[PDB]
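The chain contents come next:
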Amino acid sequence: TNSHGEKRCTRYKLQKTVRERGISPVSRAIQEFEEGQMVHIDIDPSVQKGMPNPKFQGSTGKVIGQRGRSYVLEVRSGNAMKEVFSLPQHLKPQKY
Amino acid sequence: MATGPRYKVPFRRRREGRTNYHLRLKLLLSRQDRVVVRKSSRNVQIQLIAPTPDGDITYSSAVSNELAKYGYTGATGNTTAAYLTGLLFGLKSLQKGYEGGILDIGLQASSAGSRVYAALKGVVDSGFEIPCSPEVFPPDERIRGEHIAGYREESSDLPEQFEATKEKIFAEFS
Amino acid sequence: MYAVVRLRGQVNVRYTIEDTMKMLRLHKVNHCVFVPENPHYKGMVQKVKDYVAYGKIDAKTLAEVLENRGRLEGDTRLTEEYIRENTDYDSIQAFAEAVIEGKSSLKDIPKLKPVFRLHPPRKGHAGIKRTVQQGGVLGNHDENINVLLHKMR
Amino acid sequence: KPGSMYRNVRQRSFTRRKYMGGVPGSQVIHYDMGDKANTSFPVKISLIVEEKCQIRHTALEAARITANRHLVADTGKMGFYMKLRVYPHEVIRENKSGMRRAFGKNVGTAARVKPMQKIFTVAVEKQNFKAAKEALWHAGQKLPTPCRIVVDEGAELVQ
RNA sequence: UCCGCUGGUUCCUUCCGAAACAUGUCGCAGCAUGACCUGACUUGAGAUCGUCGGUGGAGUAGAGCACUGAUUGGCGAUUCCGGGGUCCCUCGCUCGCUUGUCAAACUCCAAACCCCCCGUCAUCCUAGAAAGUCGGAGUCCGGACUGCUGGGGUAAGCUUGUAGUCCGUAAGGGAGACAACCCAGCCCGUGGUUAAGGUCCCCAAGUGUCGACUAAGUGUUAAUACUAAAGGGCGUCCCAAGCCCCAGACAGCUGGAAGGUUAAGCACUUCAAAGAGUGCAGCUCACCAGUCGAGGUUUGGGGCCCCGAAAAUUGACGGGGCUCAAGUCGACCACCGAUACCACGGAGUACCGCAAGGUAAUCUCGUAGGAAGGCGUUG
RNA sequence: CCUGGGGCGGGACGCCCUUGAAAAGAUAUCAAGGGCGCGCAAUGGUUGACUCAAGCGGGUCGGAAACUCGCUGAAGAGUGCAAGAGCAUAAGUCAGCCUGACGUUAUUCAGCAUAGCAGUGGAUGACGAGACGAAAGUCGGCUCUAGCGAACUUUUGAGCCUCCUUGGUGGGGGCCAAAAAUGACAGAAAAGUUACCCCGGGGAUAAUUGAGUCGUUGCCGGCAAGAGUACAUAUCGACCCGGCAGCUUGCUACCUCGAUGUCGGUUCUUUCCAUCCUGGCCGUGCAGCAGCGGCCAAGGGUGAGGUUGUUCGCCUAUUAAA
RNA sequence: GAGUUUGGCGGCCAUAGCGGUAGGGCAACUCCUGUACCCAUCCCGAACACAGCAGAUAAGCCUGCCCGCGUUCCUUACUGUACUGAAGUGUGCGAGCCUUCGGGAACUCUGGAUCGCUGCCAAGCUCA
Ligand SMILES: [Mg+2]
Ligand SMILES: [Mg+2]
Ligand SMILES: [Mg+2]
Ligand SMILES: [Mg+2]
Ligand SMILES: [Mg+2]
Ligand SMILES: [Mg+2]
Ligand SMILES: [Mg+2]
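Residues numbered from 1 in each chain as written, not as in the entry; some residues may be left out. Chains lettered and ligands numbered in written order. Part of a larger assembly, values for the part shown. Heavy atoms only, no water.

In its metadata, the entry names cryo-EM as the structure determination method and reports 2.92 Å as the resolution.

Where the PDB entry is consulted, chain D appears under the name Large ribosomal subunit protein uL16, with the organism given as Methanosarcina acetivorans. Its PDB title, taken directly from the record, is "Cryo-EM structure of Methanosarcina acetivorans 70S ribosome". Per UniProt, chain D carries the Sequence similarities text "Belongs to the universal ribosomal protein uL16 family." (UniProt positions renumbered as here; feature names shortened; annotations may be inferred.)

Going by the annotation in the PDB entry, the name recorded for chain B is Large ribosomal subunit protein uL18, with Methanosarcina acetivorans given as the source organism. We quote the UniProt Subunit comment for chain B here in full: "Part of the 50S ribosomal subunit. Contacts the 5S and 23S rRNAs."

In structure tokens:
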């Protein structure tokens, strides 16, 4: 039977491209975010700590608070609001 | 040798052997200015750096080429010159409005009584705040330049000129 | 100005297309709405091409449409007197000319319904199972929507 | 087991043989026939299939045998070059009880070919064009698809 | 007694109206919890079923060998690890240049849908958005059509999924009948015009128009569980291209196949006109001469039709029948034909208004079920 | 209990990864590839120093097998073990010092999208203690995702609360935490048989007929490889390909379980042609006789007996044929 | 006020890599010189560390060039092909496929470009 683990069916959700494999840009890991700012969840597979679910990969979260290094995001999953803790390595700002 | 399209070249600083990015990620998590001390074979240089996504920016700096104007004549690439450069950097950064910062020796190896730790002791003695342990500090006679008697008698001008430069720079910035 | 007329019913229609129709105010067949030419309405009319017929109406067609199928609130027919007492123009024809020239709107008329419940097409139409370019009636008539609007007068 | 069983293409490609077990290999022996060195054949024709069909390896072997024998008896042993382009990569599995645990065992391979995809390419001289064309006609009679011949090289050389 | 199992459970109208799915369950004919439906209340300003633009997620179709694995030859070298008749030399793997194929657990690439967020338009919304609390359930046997080459399977009116829409719970109109195919979602009566589909009769309206095809009663069968293939046709109708062609071809009618060779034909110096040879040693074609005097032959791509084509009560284009059509194809005209659409008059409902009354393209179908209002018997 | 009826088989009965799965999420089958019920005081933590696999070249019997030097080398290695993902001044290897494989505690995720649901994890934090390090940092085990279990009961750890008028002693009760297991893994202490069977239901589900399908069965066709002294096609028809019938066995579960009386024979009637004989033709490797193969043709005929319950099949003697 | 060079820190992480040729250093950088000391080698002052007068731009580094390999981008053709969203009384015996409107590749090909761009600070010089 199939499993129910957190990494289930994440062969390409949590995979890095060939020319971004290895160390990531360190400037992405100290990008400070403001209160209420909209940020995109684009999970960095190399950074194995503070990662959200693969189910939130590609969702825009509204920053509502900080819990140390990571940020608190109000993410939408279908019809429910979720609080998704993610470090700045996995987040990316939305530009207008 | 980028043999094909599945070749991941290192980053440019890592290709040039000039920056470690794991150490850079460790240091940038502090959210504090870095005392980027770099030593050249003929003199020494110290910077205060704060990163922004456009690139690093440097607030204050000080090299061994400035020690001439304060009355220094000896070698600019020894422990005494490193201490004087660190003291000048600390006083200048205090004057500009910076009093904190974590040490950053980068790729240079860590060993007690080096020129980098001499510059660190110079920065600490100027009132600049930087977390450090006194074990890696050099002895006071080494900062004075008490190596002189081994090889050369023309090195004997070092301690008196170091004390003169110290008092001159302290009067200059305070 | 797109003249969008609905020509197929609401049975076996997907909910996205049916909500596209409902936001266009086309709930039943033979119902016409006049909308501007912005890209938003162009995409909305493009989404419902298989269930309506749309085109670029001219001034005479819209004038006759207002004169024969304009209803105010309470299901009262539009006439010349109401137009002259609630607009600046001499008749329905000049108001239609102003609307086609872009310096007027159908919302200029107070209480006027935005849906024109038209009669079924006299002598039939070309069919609701083929588009205009396939020999039917659905889709884009271009300026030939006024012929279909004339036969649904 | 007739070819009508494993003919229609309504299932995905079952070719990753490291995740299956014990495929009986194809009976197809060669894929190049005739002169495998003379690249100077002016008139070149190809047999193309005009449906989406799965050709069994036995069907491919029978077609190759009939076409190669006809070409050897028509244009001599070294007067032609005939190429079977497609390898049978798909693995065909039969449910050898009832419908419980219906994933069958591999009972042979086959080649999935698209419409207008060339099966056999034949290069011949000017005079041996008709014999090569007729042998390719006999080859497509052993295949499960309608096949039409198309001329690759020397369209003006023939007419 | 008990039963999750069977059967039955008695009046009318009005409003709204599902689920046959997930997790747990000695659970699989049951139940609980959640989704979905319903009623009320609190709350007080936004909501996104839809479009257009942008910041992001793509790793599916497609494509390809750049990784993982397969896979086909040719050419030139692995002087080396190997197989064979002074390790004299044979020689398969291995590595490059040029070919030939692939992948559901492959990707240097990579869409269209789609999903999160932002802006805009659009629609809903103070006659109450989103949110919250409580009352009442039903429901967890589903099924079908159109797609995903969905998975499995030889296939199945098979089994198991997913997106949308249907039947269930869906009238009326039409397909001969048709749960779910098309029009259509439907309060009552009248008038009109159209939708689907049809107009030779059965049957209201075309023995309709133009240009061709079919000679088989083929066909007169949109979708489809209701419709036979591979293969072939000098059947017939077309398009295009080679070849010979009024310096006279093609198919028929006149002189010859005479030098040769019996290399026992059928196990040349040089002539326009005769071979190591097509045929029942004379008996016969290929081939030059003349002749009527103009098209002939080959190939490719198409339309319809034909053979392939055999089943059991007599029978099914719906039946009659139909042949420049009453069949097929490319178009066209006019008419018929719904409860749809329009209009008129009427009823009910929803909300608002103190009330008169106002609005409704944005109200009127309905199974399980919730809510409301009434009729009736006995006292 | 699940179950293409039940049983036998199996566990798709708990946990983890890839595909299925149709580029958000979700998505079933006794779907495909499988794995786990552990191992480790180092195979753990941190700092420093280095870079691996595999080739080419040099080095002495140290061989094409060891160890060593140079060059190529973004990874082709290693990281305990399934699968996938991560990692190179490293998440690898070696060495120094250590025990964070620390006590307590709050949220949100995901098991269980949307959207309730157990004990558990797994990511952020907080209080108190440390390790390594110049410091930044890292460390809540072994790079991430499996390696495990409710209530009750007992035992154990630290300190407290309590026992029926009051105080004490022995002994109980309790709070928090740890261990002992229910693998049918959201947790019964659990073997068969019934043809002597009974009852309630089911076409929700099988033998049965019928319908769908046609792998298999019966009958064919295309192309003809060839055998036929020669000669594919008088005759036989390989390989491969395409069919029809529904007359054998299968598959399925649509109808019927408040019953459609289930094999074979007998009697009687009818139907199809894919024709055994009778009628008419064509070919022959047809001299005649007698065959062989094919086409048209369903008007008539197609029997009697031995075994066997038989269908089928064999055997007997007739017969135009049986 | 501005510019060139040099150094440090970088951002984007190949348009930046791999490869080949030609030029330069006054200041700087590097190579390079020793081992009293600080520090160090699982041995070696090779690296690290320290103290540095020379000598050398031969390399690091900087400037220009080469399309060769890789990458990225444009471009003509393939081609509005593949594929696909919506609808369809369009079509096939069937596996399926077609028309309309709306999107739209990848490979390859033609002709070309790309042998990095840019941010901060400091040292110098040359400002008008
Ligand atoms: Mg594909
Ligand atoms: Mg439908
Ligand atoms: Mg319905
Ligand atoms: Mg009906
Ligand atoms: Mg009810
Ligand atoms: Mg059971
Ligand atoms: Mg007994």
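Next comes the rest of the write-up.
Peer 1: How do you make sense of helix α1 (residues 57-75) of chain D when you look at a structure like this?
Peer 2: Along an α-helix, a turn takes 3.6 residues, which lines up residues three or four apart on a common side. Residues and elements named next belong to chain D. Over its 19 residues, α1 runs 26 Å from end to end, which matches the ideal 27 Å to within 8%, given 1.5 Å per residue. Looking at α1, one finds that the buried residues are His-57, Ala-59, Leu-60, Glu-61, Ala-63, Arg-64, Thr-66, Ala-67, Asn-68, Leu-71 and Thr-75. Next to the buried residues of α1 lie β1 (32-34), β3 (53-56), β4 (80-84), β6 (105-113), β7 (117-124) and α2 (129-140). Directly beyond the C-terminal end of α1, a positive phi value near 75 degrees is found at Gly-76. (Helix = DSSP H or I, 4+ residues; strand = E, 2+ residues; numbered from the N terminus. Expected span 1.5 Å × (residues − 1). Buried < 20%, exposed > 50% of the residue type's maximum accessible area, 1.4 Å probe, protein only. Contact = heavy atoms within 4.5 Å.)

Peer 1: What am I meant to see in the protein's contact with RNA strand E here?
Peer 2: Taken together, 98 residues surround RNA strand E, and among them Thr60(A), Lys95(A), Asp19(C), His40(C) and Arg93(D) come closest. One nitrogen or oxygen atom from the side chain of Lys28(C) is found 3.1 Å from a sugar or linking oxygen belonging to RNA strand E. Contacts to RNA strand E include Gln117(D), whose side-chain N or O atom sits 2.4 Å from a phosphate oxygen. No other element matches helix α2 (residues 39-47) of chain C, which puts six residues into the surface near RNA strand E. By residue class, the composition of the surface near RNA strand E is 32 nonpolar, 31 polar and 35 charged. (Near = heavy atom within 4 Å. Polar contact = N/O pair within 3.5 Å; in protein donor to acceptor, adjacent residues only side chain to side chain. Nonpolar A, V, L, I, M, F, W, Y, C, P; charged D, E, K, R; others polar.)

Peer 1: What should I look at first to understand the pattern of salt bridges in this one?
Peer 2: A side chain with one charge may pair with a side chain of the opposite charge, provided their charged atoms come close. Summed over all chains, the structure comprises 25 salt bridges over all chains. Among the salt bridges present, the one from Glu18(C) reaches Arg6(C), with a minimum N-O distance of 3.5 Å. Note that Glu18(C) is positioned in helix α1 (residues 15-23) and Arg6(C) in strand β1 (residues 2-6), a separation of 12 residues in sequence. By the burial criterion, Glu18(C) is buried, and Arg6(C) matches it. Two residues, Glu101(C) and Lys103(C), come together in a salt bridge whose shortest N-O distance is 2.3 Å. Here the two residues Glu101(C) and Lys103(C) agree in accessibility, since each one is exposed. Several salt bridges share partner residues, and in doing so they unite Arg24(B), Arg34(B), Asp56(B) and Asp104(B) into one network. (Salt bridge = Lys/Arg side-chain N within 4 Å of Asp/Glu carboxyl O.)

Peer 1: What is the right way to look at the side chain of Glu94(D) in this model?
Peer 2: Residue and element names in this part refer to chain D. Among the secondary structure elements, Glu-94 is positioned in strand β5 (residues 90-94). Looking at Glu-94, the relative accessible area reads 15%, which means it is buried. Among residues more than four places away in sequence, those in contact with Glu-94 are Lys-1, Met-5, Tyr-6, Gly-104, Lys-105 and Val-107.

Peer 1: Sorry, what's going on with the pairing of β7(D) here?
Peer 2: Side-chain positions along a regular strand alternate between the two faces of the sheet. All names here are of chain D. Among the eight residues that make up β7, six are buried, leaving the element largely enclosed by the rest of the structure. Two strands pair when backbone bridges link them, and strand β2 (residues 43-49) and β7 are joined in this way by seven bridges, in the antiparallel orientation. By the bridge assignment for β7, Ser-46 is matched with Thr-121. Of the pairings in the sheet, the one linking β4 to β7 comprises five bridges and is antiparallel in character. (Pairing = 2+ DSSP bridges.)

Peer 1: What is the right way to look at the packing of helix α3 (residues 59-69) of chain C against helix α5 (residues 92-100) of chain C in this model?
Peer 2: Working note: a packed helix pair is described by the angle between its axes plus the distance between those axes. Residues and elements named next belong to chain C. One can describe the packing of α3 onto α5 by two numbers: an axis separation of 8 Å at closest approach and a directional angle of 130 degrees. The orientation of α3 relative to α5 falls into the category oblique. In the crossing of α3 with α5, the sense of the turn from one axis to the other is right-handed. In this structure, α3 contributes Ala-59, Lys-60, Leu-62, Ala-63, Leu-66 and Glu-67 to the contact, and α5 contributes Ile-92, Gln-93, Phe-95, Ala-96, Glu-97, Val-99 and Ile-100. A class-by-class count of the residues in the contact of α3 with α5 yields nine nonpolar, one polar and three charged. (Axes fitted to C-alpha atoms, helices over the stretch in contact; angles between N-to-C directions. Parallel < 35°, antiparallel > 145°, perpendicular 65-115°, else oblique. Left-handed = near helix turned anticlockwise from the far one by under 90°.)

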